[PDB]
């Protein structure tokens, strides 16, 4: 398709520095939905503030994990059924830790935000539409993990 190369092309520069870029996504995510912060409980303890999360190795390791799942979705953009299985399980786990399926709309806007900010003029409405569709495919697959 042409959408696939829009995604592949947009992801290139972001994918080279995954923690720097994922740190934008999370900072935006906590700015939109502060109530996500307490859901990371490493040694059953809660982050008081967003800048607290950024000092946590485990938290930063979760940013890399997110970005690796996105790298998988970009990799397999033309055949996503393969990931469907993993993604339902991923969804299950995120129900187990306290994530409300509604919070993933905030995730999508954070991912668009981060991409818009690294691409500037290159993130065209077509690029936005391409990502919104891929992210949608991801979220359908993970939401099976709440039930469906």
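Positions refer to the first chain, counted from 1.
J.: For the C-alpha atoms alone, is the average B factor greater in 79-87 or in 115-123, going by the entry?
T.: Per the PDB entry, the higher value belongs to 79-87.
J.: So, looking at the entry's B-factor column for Cα atoms, which has the higher mean, 15-23 or 136-144?
T.: So the stretch with the higher mean C-alpha B-factor is 136-144.
J.: For the CA B factor values reported in this entry, which option in 32, 70, 97, 107 has the top one?
T.: Highest CA B-factor of the listed options: 97.
J.: Please say which third, lowest, middle or highest, residue 47 falls into when its CA temperature factor is compared across its chain.
T.: Lowest third of the chain for residue 47's C-alpha B-factor.
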